[PDB]
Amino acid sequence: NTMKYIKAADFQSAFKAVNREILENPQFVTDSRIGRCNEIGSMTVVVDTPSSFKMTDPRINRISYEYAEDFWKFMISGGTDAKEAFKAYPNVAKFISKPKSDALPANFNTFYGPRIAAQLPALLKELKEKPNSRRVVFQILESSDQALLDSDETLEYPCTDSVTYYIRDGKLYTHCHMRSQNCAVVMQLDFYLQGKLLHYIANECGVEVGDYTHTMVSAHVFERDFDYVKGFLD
C-alpha cells in the first residue's frame, strides 16, 4: 500500500525512500504537463537532522553541488541576474529568460530569491520578537503567478508553495509545502536550498535547529527518470 508519510534521519535517506515509494507504489500513473510520471498525492516527509542537506551518494548526480551552491547564492542574494549567475549552465535557459507575452510585464519573474528578500525583514522580526509565533510563513507561489497558467511562457510557475518557520524551546522547526515536486531530480536541489535557508534563518535568530517537514501535493517521478532512480537505489 502506498506509504504517504516518510520519516528519515537525514535528507538522503528521505530522498531515497520517497523515490523508491513513488517508483514501487504510486498512487497515480499519470500523463502530466511535462510527460508521464508515477505520482503520490500529498506525501509528508520528515527529516530529523536538517544539517544533512548535501547528500553524500555521488550517484545522485543530476543536481551537482556546484550548481546547487550557485543556485543558493543566487537565491539568498535576492537578485534577478540569472543569466549571469547560471552562465555556466546552458540547460536552464528556458527558466531564466524574459517573459514573451505582453500581458505580464518585463520585470515579471518567478525567482524565489526576490520574494524571500522582500519578506525577510517582517518575517525575521516576527520570528525573533513574537514568542512562539505561528505566523512566520514565506510565501513563494503567489496568486499573481496564475497569469502564467494560460500562457506559452516557460518560466517556473512556483513549485514551492510556502516555507513556514517556527521556534519552540530554542529550536527552529521548518515546514516546506511544495505544490509540485519532481522527487528524482529537482528535489535534490529543493532539499539543498531549504537546508541552506533554514540554517540561514536559525543563525539569524541565534537558535538551534529542530526538524524539517516537506509536504508535497504532487510528489512525482517521471518515467524517463526511472533508470536514474534505480541507479541510486541500493
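We number the residues from 1 along the sequence you see.
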(request) Determine, for stretches 60-68 and 194-202, which one has the higher mean CA B-factor as deposited. (result) 60-68
(message) So, looking at the entry's B-factor column for Cα atoms, which has the higher mean, 116-124 or 95-103?
(response) 95-103
(request) Report the option among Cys159, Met75, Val163, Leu155 whose CA atom has the maximum B-factor in the deposited record. (result) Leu155
(request) Please place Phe222 in the lowest, middle or highest third of its chain by C-alpha B factor as given in the entry. (result) middle
(request) Please rank the C-alpha B-factors of the chain's modelled residues and tell me whether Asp211 sits in the lowest, middle or highest third. (result) lowest
(message) Taking only the Cα B-factors deposited for this chain, tell me whether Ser32 sits in the lowest, middle or highest third.
(response) highest
(request) For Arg168, return the chain-relative third of its C-alpha B-factor as stated in the PDB record: lowest, middle or highest. (result) highest
(message) Which third, lowest, middle or highest, does the C-alpha temperature factor of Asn19 belong to within its own chain?
(response) lowest
